[PDB]
Structure formats: C-alpha cells, structure tokens
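Taken in order, these protein sequences are the chains called B and A.
Start counting the first sequence at 222; every next residue gets the next number (the authors' numbering).
Start counting the second sequence at 221; every next residue gets the next number (the authors' numbering).
Structure record follows, encoded as structure tokens.
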Amino acid sequence: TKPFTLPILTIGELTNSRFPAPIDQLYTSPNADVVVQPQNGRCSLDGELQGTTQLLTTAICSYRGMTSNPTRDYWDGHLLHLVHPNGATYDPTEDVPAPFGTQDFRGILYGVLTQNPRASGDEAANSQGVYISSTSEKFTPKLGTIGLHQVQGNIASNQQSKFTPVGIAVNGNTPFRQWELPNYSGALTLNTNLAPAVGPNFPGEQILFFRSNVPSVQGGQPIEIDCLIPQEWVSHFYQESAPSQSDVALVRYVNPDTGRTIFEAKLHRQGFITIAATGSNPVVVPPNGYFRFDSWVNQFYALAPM
Amino acid sequence: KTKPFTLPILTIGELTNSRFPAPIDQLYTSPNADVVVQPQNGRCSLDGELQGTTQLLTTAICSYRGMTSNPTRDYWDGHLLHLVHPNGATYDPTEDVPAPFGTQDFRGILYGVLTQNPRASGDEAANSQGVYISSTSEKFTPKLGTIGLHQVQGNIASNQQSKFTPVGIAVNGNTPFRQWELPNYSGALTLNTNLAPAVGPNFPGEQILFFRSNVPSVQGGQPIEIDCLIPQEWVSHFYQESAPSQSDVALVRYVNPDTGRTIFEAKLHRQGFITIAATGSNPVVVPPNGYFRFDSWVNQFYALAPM
Ligand SMILES: CC(=O)N[C@@H]1[C@@H](O[C@@H]2O[C@H](CO)[C@H](O)[C@H](O)[C@H]2O)[C@H](O[C@@H]2O[C@@H](C)[C@@H](O)[C@@H](O)[C@@H]2O)[C@@H](CO)O[C@@H]1O
Ligand SMILES: CC(=O)N[C@@H]1[C@@H](O[C@@H]2O[C@H](CO)[C@H](O)[C@H](O)[C@H]2O)[C@H](O[C@@H]2O[C@@H](C)[C@@H](O)[C@@H](O)[C@@H]2O)[C@@H](CO)O[C@H]1O
C-alpha cells in the first residue's frame, strides 16, 4: 500500500493548526485536570479532517459573514451571521460542531473586522479592532451567529465582513482556557459532531504538543496555544491519504546533520503524538531537526523516556 | 528513481495567495502592458527552489518581526522596526536576498496590527496598534534591515520586540496600490538585489494566468486585488517534492476530476508561473471541483489552443 510519510519541515517551518502563528516550541504536560478535545488541527493519519478543521491557515480563527443591525447589548454591539471561511453558505444541520475554523477555546479572540470599502474615510476607516469572546452567550456559531465586541473603531451595520485574527485578550473575568470548548450553540445545549478527546493509553506517557506563543493584547501575560499536529501535517495527510497500517506510527525526531535520533514518539492514527515523559516541560529540539516516520507499531510499544 | 513532477490536488477554494495571506478567489488573466511582473513572494521553481523573499508559512507573508527603537519625531514613520526574519532568525543585509523573507513586494500601504510587550494597562486592545507600513516610504529599506511604522490606531512602544500581523491594504491621496511595482528595498538611490526574475509570455499570443485574491481594503474606495504566480500550497508542494524539471515547460491541464474532462491546457514554466493562449483582462471561470494536473514536459514552443 501507499507508504505513510511526514513532511520534511523543521520546527521553524511549521504553523499552529489552532491559531495562525508559527510553532515555536514542542511542549508536554499531564493536563490532569482537563479533557483535551480541540476541534481545529484535527486529522487522522490517513487524511480525514475532523472537528472544525479545514486546510487553510487563513481560515483558522477566521470568521466571515453579514453584520446585523446594532443590538442593545453593551458587549456584543453587533452580531455576525456566519458563512464558512471559503464563502460557502452555512447550514446548521451540517455534520460539524460549527463553521470550519471556528475558535475552539473559551476566551477572547482579538482581531480586525473589515467591511465595505470607505471612499471617504480617514486612516483605518474600514478596519475595526474587535473582540470575539467564546464565553459570550451570543457566541452561538453552531446556530450561525456570533457576537462582535468592538474595541477600536466602529462596526458598520448590515455589511459583508471579514474577521482576521490577531491575538488573544484576557480581561478581569475571561481567562484564556485553551482546553475548554465553547458552547457552540450556547449554554444548556450540547455540542455536536466533535472530534474525539485525546490522551495517552500506556503508562508513563503524555501528549506532546506543537506550541505557539501568540500575541497577548490585554491582560499582561504571555499566551500559549498547543495543537496536536501542525497545519502542514493536516495538509500533508489530506494530500497523501496513506492507509494507516496500525493504531500507532513510531516516529523519530531526527537531526538530519548527524542522522541521530533526538527522541522517539508515538504518532497515533487519530492524529496526535505521545511520548514517554512526566511533568509539564518544553521538549528541546535542534532547529534543523524534524519528525521522520519509522514504522507501524502498536499501542504497547515502550518508548525510551526523555 | 526519477521523482515525477506533480501538482497538489487542491481546488480553487482550497488554495492560498502566496503574496498576501488570503484565500484564492479567482483565476485571472491580463496582458499587463506597461508593467514588469516581478513579484518576490510566491516565487518557487518547479524543482523546489524558493526564490526572492519567498518562504514556507502563510503566516509570514507580509509579516514583520523585530525591535522598535526610539521615536523618530518624523510625521509619518513615528517608529522604525529593526527586522529579523519572520521565523526569528537574525537578519544580515549581506544575505543573498532582496530583503527579509515575507517582506511585502508591491508599492502601497500595508495595514495590520503591531503587537509588542504585553502591557500592564487594563485597557482593551492595549498591546495592539493599528499600523501602516508604506513600501513607498523613504524609511522602507528592509534590505538594510529597517522599515518605517506609521501608527493609525494606538501608540507604538519604543525599544520593544514586536510582531506585525497583516490585515489589508490602505490607499491614501498619494499612495495608490501598485501590485506590480517593486519597493526599492534599499531606497531609491540603490538597485534591488537577488530578485526572482521578471516573468512573462515568451511569445505574443500568450498571457500569464494568475491566482487572484480580493483582499481587505481598509482605506480607500475600491476593492483590492492581488495576483500571485502560484499559490502558497504549490510553493510548499514543490519544496517538499523537489522533482527535477525535465524541460522548460510543464504542460498542465485544468481538469474536472468528476468527469475526466479537460477545461483548458496551460504552460507551467520551470520558473514557477503559468501562461495560457489568451487576449485581454478577464477572470477565467473554472469548475469548483477542478484543479491543475501535470500532463507532460514540453518545450517553449508548445502552441496552446487560443481562448
Ligand atoms: C468587561 C466585563 O467584565 N464585562 C462583564 C460581563 O462579562 C463579559 O461578558 C461578555 C458577554 O456579554 C463576554 O462573555 C466577556 O468575555 C465577558 O468579559 C458580564 O457578563 C456576564 O458574564 C459573562 C461571562 C457572560 O456569561 C455574560 O452572559 C454575563 O452576562 C457582566 C455581568 O456579570 O458584567 C460585565 O458587563
Ligand atoms: C499623508 C500624506 O499624504 N503625507 C505626505 C507624504 O506622503 C506619504 O509619505 C510617507 C512616507 O513619509 C509614505 O510614503 C506614504 O505612503 C505617503 O502617503 C509625502 O511624502 C512624499 O511622498 C511619498 C509618496 C513618498 O514618496 C515619500 O518618500 C515622499 O517624501 C510628503 C512630501 O510631499 O508630504 C506629506 O503630506
């Protein structure tokens, strides 16, 4: 059958699948107190996209649609009636948690809303700084609408609009919680069509994440976002569609200069990596190294500890 | 063991512009009289050699990274940004590049948001300034390692590590958007260096076929159009595959995979751009399910059926 492969891309050549930013660290953690169930950056090793995952970096935490008329709400002064980022009409009966690329954390996403060109406006006339909070009860993307909180400039009513994400905001009552899913249809309604939760299934193992330090626009602290596989892997697996020969592919992080293995890991067919490690640490790698497919193994392959 | 050349299986709605971070909206053709088509982003030879300021990530296209320094007291560029490459690698002007990777490659105002040191302020959007980066500014000298920032929303902080995230294009009274005019990467007294070569049809009768995006227009009255030679996914694909080019021209077919039918043929030049036998400025309509498929290697003289 068609051989499974990983793209030859170093850590500085990878993009986060859950926020449009370069990967800057590998990271591991027990995450004891959380269900790790992201919806972006979800794709099986044989190329099946899941959750809200799609192929473009530009659609991740992006939104597109028609703005409403003004609301009475102090925070969400306008609603956005969603379409998919590729422009396709969105039907809530679709097999998805929400439109593709929808943010998959509880917290405040910051970015810029652009709408109808403004012939007469001054500088930045058609670019509004906007907060999209996934703890708002107006955050109901499954139903086809989310709330917009303007923070710089003024949102125009009833216009075709685009939201380009820039960063994360944290205010007094909205911590950034990357492993808590939004309520895609609002509180007291169940989420649907989710990519499954992930985690280790062999003693002494933890998930290894691809991590990005992303812009922090309010709150004062650095913000970290972990994805299970980078966007380029999503793209690669979708292109290749190599049949998975077992539940686990043994991969090695290799230094191409020396041919030496920095460490080995298990890449599960569902699309996440586990390593033999304990505790919350970065995993240090040579800038020129990258994962290489070694062989198909099983869930009991005993990894060399890090 | 000869690696065959291929194109990725991605329809028009699954492609990204290689000159601005936005999805491809249309295929578009033009004679482009009066201009030199010599973009520096989205440049990659069919055998996988990145050229100009081209790199691999969508997120680095038209992005900047570096340190601001002190206030310039200048009217427009109130701060300067001292650049490193988008991946954080230190940049040295003697590198064989036109400018740091991802540097904008048109003459116009690029608008986006500068984020810096997280701030103590409790203000919303405290650490996020709307900024204009004009590639016609005398302070736009990325080859020399520095560009000018013109704040338009908020205040830029001095002496801080900074990221510019692109959002769109601005047009004001004296800075029209000219997608095919190159910045002077070292200022107007100095030649550009290390450029990916200009491109065009070898013969009258042919025109370049572009992958086109409508991108946000944050000031000015018109929608903004940006054309690239190949989409970012092709840059990435050729880089990965590194299939040797067997002649100067790869004959390709826009096919509908559902029916097997060829919509049109085209010439994919080894330099990394497409020509078709066409005349006039027009979109080229394709089926949503379709995509280019490699056919065979041919020569410069291959005569396409005129559209
Ligand atoms: C800045 C601030 O503290 N505003 C609170 C407000 O909290 C905000 O509510 C928004 C939605 O309307 C977003 O959820 C923001 O992230 C959040 O900061 C708060 O609103 C209440 O609390 C939140 C979590 C939502 O559950 C709301 O539905 C809810 O009404 C109100 C009321 O407590 O006070 C301030 O306005
Ligand atoms: C808002 C405005 O029109 N300012 C005028 C200058 O144009 C801007 O200059 C900055 C750089 O300082 C930048 O290029 C912007 O894109 C312009 O809008 C103008 O500068 C002169 O004209 C520019 C196009 C540019 O070539 C620059 O190098 C040149 O000095 C000056 C001078 O006429 O006047 C300002 O009112």
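Positions of the beta carbon are idealized from the N, C-alpha and C atoms, including for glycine.
query	result
Where the beta strand (DSSP E) through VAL435(A) begins and ends	426-435
Segments of 3+ residues assigned as beta strand (DSSP E) that fall wholly inside the region 359-399 of chain A	366-373 and 381-390
Same chain, Cβ closer than 6 Å to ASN414(B), neighbours up to 5 away in sequence not counted	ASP316, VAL317 and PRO318
Identified DSSP bridge partners for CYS264(A)	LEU270(A)
Contact under 8 Å by Cβ, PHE321(B) with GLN275(B)	yes
Extent of the continuous alpha helix (DSSP H) run through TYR459(B)	452-461
CA nearest to the CA of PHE423(B), picked from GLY365(B), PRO443(B), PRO526(B) and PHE512(B)	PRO526(B)
Span of the beta strand (DSSP E), counted from its first residue to its last, around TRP517(A)	511-518
The region 377-393 of chain B / the region 284-302 of chain B touching (three or more Cβ pairs under 8 Å)	yes
CB contact check: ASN379(A) to chain B, cutoff 8 Å	no
Check: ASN237(B) C-beta below 7 Å from any heavy atom of ligand 1	no
C-alpha distance - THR410(B) paired with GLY420(A), whole-angstrom precision	57 Å
Runs of beta strand (DSSP E) lying entirely within the region 282-328 of chain A, each at least 3 residues, in chain order	284-288 and 299-304
Best match in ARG490(B), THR499(B) and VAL505(B) for proximity to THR226(B) [C-alpha to C-alpha]	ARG490(B)
Beta carbon proximity, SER437(B) to chain A, threshold 8 Å	yes
Under 8 Å between C-beta atoms of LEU247(B) and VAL504(B)	yes
As assigned by DSSP and simplified to three states, the class of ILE232(A)	helix
Contact check, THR249(A) vs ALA498(A), beta carbons under 8 Å	yes
Distance CB(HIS299(A))-CB(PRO291(A)) smaller than 8 Å	yes
CB-CB length for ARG473(A) against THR482(A), believed under 8 Å	5 Å
Interfacial residues, the region 340-361 of chain B to chain A, with Cβ spacing under 8 Å	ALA340, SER341, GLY342, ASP343, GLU344, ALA345, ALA346, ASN347, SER348, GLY350 and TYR352
Any 3 or more C-beta pairs closer than 8 Å across the region 447-459 of chain A and the region 255-262 of chain A	yes
Outcome for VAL469(B) when other beta-carbon atoms lying within 10 angstroms are tallied against a minimum of 16	buried
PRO464(B) vs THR273(B) beta-carbon contact at 8 Å	no
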